[PDB]
Each structure stands twice: as structure tokens, then as C-alpha cells.
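Enquirer: Input: one structure, supplied below.
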Amino acid sequence: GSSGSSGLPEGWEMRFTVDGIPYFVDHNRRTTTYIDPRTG
């Protein structure tokens with residue numbers, strides 16, 4: 001359902017692939033990773 005911004009750091013973004021997988025996108029680093037930034 002409707003989702004917002006939990007609380008990610010600067011640069012780290014929250015998005016989901018066509019399938020709907022939990023992944024983050026970095027604007028500064030310009031990279032993609034599956035591992036969560038907060039948790040690690």
C-alpha cells in the first residue's frame with residue numbers, strides 16, 4: 001500500500017524493482033545495492 005520515507009540518510013533513496021524488491025539507490029555514489037543502509 002501507500003508507503004513513505006522511513007528515515008534514510010542523505011543520498012540513499014528507497015525504491016522497488018519492477019518485481020517489487022526492496023532496494024536503495026544512491027544519488028551521490030550513483031550505485032545500487034540490496035543491503036540496507038540503516039541496518040547494514
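Identifiers in the C-alpha cells: chain A, B, ... in order shown; residue index from 1 per chain; ligand index from 1 in order shown.
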According to DSSP computed on the backbone, where in stretch 3-38 of chain A is there strand (DSSP E)? Give the residues as a PyMOL selection string.

Expert: chain A and resi 12-16+22-26+32-33

Enquirer: Would you kindly return, as a list in words, each protein, DNA or RNA residue with an atom no farther than 12 Å from any atom of residue A:37, considering only C-alpha atoms and excluding same-chain residues fewer than 3 positions away?

Expert: residues 6, 7, 8, 9, 10, 11, 12, 13, 14, 22, 23, 24, 25, 26, 32, 33, 34 and 40 of chain A

Enquirer: In Å to one decimal, how far is atom CA of residue A:2 from atom CA of residue A:38?

Expert: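 Between atom CA of residue A:38 and atom CA of residue A:2 the gap is 21.1 Å.
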